[PDB]
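# Residue-level structural notes
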Amino acid sequence: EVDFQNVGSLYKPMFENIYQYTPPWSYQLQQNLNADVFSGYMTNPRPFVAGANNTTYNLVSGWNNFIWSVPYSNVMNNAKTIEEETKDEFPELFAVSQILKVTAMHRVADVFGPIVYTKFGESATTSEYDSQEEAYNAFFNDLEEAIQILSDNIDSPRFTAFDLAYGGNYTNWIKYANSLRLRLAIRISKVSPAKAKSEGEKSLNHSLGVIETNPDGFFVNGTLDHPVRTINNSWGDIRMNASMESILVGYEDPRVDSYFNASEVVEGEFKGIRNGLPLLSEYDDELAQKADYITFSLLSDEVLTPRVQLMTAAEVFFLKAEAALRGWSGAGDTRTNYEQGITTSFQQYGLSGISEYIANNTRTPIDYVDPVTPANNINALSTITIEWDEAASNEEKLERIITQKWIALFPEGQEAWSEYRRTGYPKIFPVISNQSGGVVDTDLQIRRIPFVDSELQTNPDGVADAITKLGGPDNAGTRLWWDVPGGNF
Ligand SMILES: CC(=O)N[C@@H]1[C@@H](O)[C@H](O[C@@H]2O[C@H](CO)[C@@H](O[C@@H]3O[C@H](CO)[C@@H](O)[C@H](O)[C@H]3NC(C)=O)[C@H](O)[C@H]2NC(C)=O)[C@@H](CO)O[C@H]1O
């Protein structure tokens, strides 16, 4: 009984460092200045390093080390310890640890490709990477295994005292492991369609199925302040993105006021910034530029509570929409899931007007205008309408699905950044300034992050081998294994 309580104490570091709560300067580097901006969700008002940074594709490797260091320092060590102490003795403990582990580590595989996963811990001299496919094969094995163990112990209440997501209810942990597996299956759907359909159907036809109610969403019901509260409100260092303004305002989406605040730069209107701005000529340094852009829309308080969002029920309905579009057994009806996806997102924020919104076929994303620097203006790239069109092509149908999922995933930039790179949707604005020297394409946009400095330093051979598992050079232009060019079908 004492062994249990000792192990149970290792879960909170895992909960708090998937999407890192503290210190917010470390969250800023883990995610905010890569995925949160690359997704088209947010934009830093300040052109850090005189405008030569991640957002203009001149990558700051000291920042990007933290995408790797946070999960490997705080999550993978705890998971390995839990596995070693409980896999035989307390399988339910191992099971929930594996689920949290795949949660943290598929993000990493979705940034770097090859990651250290099945071989983590094996030596202090070297560390051997899995290829991304192998990492994904391990993800599916791990969820199925942990889904089986929890089903065998579904009524045990012994996790209650350590559960920041579900208060010890293994029913929810199974429905979330199913939903997570469905997400990864959707991700490998273009590159490995038989495996994707197989894995997708395993979760769609499980007796307990996937998340479908808002309380069953996966959240960390934390105590610490939301990391983005410091960045948004204390630092003024992140604001609404122009792509969010194009799509949310054009649709007259009521979530815009759940997600953002009316701006100061244009009173009573929501205003985003183009990501990828250089240090412009009108400004003598980055602080004078930030001064004119800090006045755009803040993120709103409702999305920056201590409760951190990892998987909405809305998302799962859109994963079901694409599953059905692709013909996976047990996915249900494509239109019905799409409409319910939007419904579940409104309900999440207690918003009315759903019937009018899902029937609207005249509203489109608006052109983006920058009142400070009108050279930044750009016609809306996304032209899709809301109401389901059963006669649209498979690309347009997928676009409608992925575009509403993107609204619904906010503010979790990482999942939306992966989905954008996988599908090309929604059509977020490209960068204004591409300082990659051609290593990254402006219209295709950034594809990945190169293996991190700490690994180059202390794991050189492991990195050299990991590069042979990439489908291109070790830089930000190389498509990840699930990122396949051409159609989505
Ligand atoms: C992109 C950018 O410039 N962001 C600004 C932040 O950098 C800044 O927060 C400060 O960040 C530095 C790191 O960048 C923090 O220093 C770190 O302190 C830790 C704690 O011991 C230490 O291990 C590190 O050596 C040291 N540097 C690094 C790279 O790890 C510093 O404590 C942060 N200060 C605060 C209040 O969080 C914020 C705040 O002004 O502004 C951002 O815009």
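Residues numbered from 1 in each chain as written, not as in the entry; some residues may be left out. Heavy atoms only, no water.

What the entry reports as its method is X-ray crystallography, with 2.20 Å given for the resolution.

Looking now at helix α11 (residues 227-234). Of all the residues in α11, the buried ones are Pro-227, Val-228, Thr-230, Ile-231 and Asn-232. Contacts made by the buried residues of α11 are with α3 (24-32) and β3 (239-240). Directly after α11, the chain includes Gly-236, whose backbone phi takes a positive value near 55°. (Buried < 20%, exposed > 50% of the residue type's maximum accessible area, 1.4 Å probe, protein only. Helix = DSSP H or I, 4+ residues; strand = E, 2+ residues; numbered from the N terminus. Contact = heavy atoms within 4.5 Å.)

With that settled, the discussion passes to the site of the ligand. Near the ligand the following residues occur: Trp-25, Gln-28, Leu-33, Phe-48, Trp-63, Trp-235 and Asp-237. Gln-28 is positioned with one of its side-chain polar atoms (N or O) 2.8 Å from a nitrogen atom of the ligand. For the ligand, the protein covers 39% of the area, taking 800 Å² as the surface of the free molecule. Here the shell around the ligand is built from residues that sort into five nonpolar, one polar and one charged. (Near = heavy atom within 4 Å. Polar contact = N/O pair within 3.5 Å; in protein donor to acceptor, adjacent residues only side chain to side chain. Areas by Shrake-Rupley, 256 points an atom, 1.4 Å probe, with all protein chains shown as cover. Nonpolar A, V, L, I, M, F, W, Y, C, P; charged D, E, K, R; others polar.)

In the structure shown here, the tally under the stated rule is 35 aromatic pairs. Measuring from centroid to centroid gives 5.0 Å for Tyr-117 and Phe-139, while their planes differ by 90°, and the two rings are edge-to-face. Taken together, the residues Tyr-117 in the loop between α7 (91-112) and α8 (132-152) and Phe-139 in helix α8 connect sequence positions 22 residues apart. Accessibility classification places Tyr-117 together with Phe-139 in one group, the buried group. With a centroid separation of 6.2 Å and 70° between ring planes, the pair formed by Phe-318 and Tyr-338 is classed as edge-to-face. Of this pair, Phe-318 sits in helix α15 (residues 313-325) while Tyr-338 sits in helix α16 (residues 334-348); the two residues are 20 residues apart in sequence, bridging distant segments of the chain. Chaining the aromatic ring pairs together yields one cluster made of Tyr-11, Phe-15, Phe-159, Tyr-166, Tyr-170, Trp-173, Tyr-176 and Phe-218. For the cation-ring pair, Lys-101 lies above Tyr-117, with the distance from its terminal atom to the ring centre recorded as 4.7 Å. (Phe/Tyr/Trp six-rings, centres within 6.5 Å; stacked < 30°, edge-to-face > 60°. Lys NZ or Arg CZ within 6 Å of the ring centre and 35° of its normal.)

So, about the nonpolar core. Among the nonpolar cores identified, the biggest contains 134 residues, and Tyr-11, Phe-112, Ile-115, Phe-139, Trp-173 and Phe-260 are the most heavily contacted of them. When residues of this core are assigned to their parent elements, the largest contribution, 13 residues, is made by α7. If you look at the next biggest cluster of nonpolar residues, it comprises nine residues, including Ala-242, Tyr-283, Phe-296 and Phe-429. (Core = buried A, V, L, I, M, F, W, Y, C linked by side-chain atoms within 4.5 Å.)

On to the pairing of strand β4 (residues 307-311), then. In terms of burial, β4 is largely enclosed, as four of its five residues are buried. Two elements, strand β2 (residues 218-221) and β4, share four bridges in a ladder whose sense is antiparallel. Directly across from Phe-219, in β4, lies its bridge partner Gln-309. (Pairing = 2+ DSSP bridges.)

A separate point is the side chain of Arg-422. Note on placement: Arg-422 falls in helix α19 (residues 413-423). We classify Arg-422 as buried; its relative accessible area is 1%. Apart from the residues within four sequence positions on either side, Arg-422 is in contact with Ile-186, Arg-187, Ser-189, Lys-190, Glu-322, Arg-326, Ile-402, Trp-482 and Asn-488.

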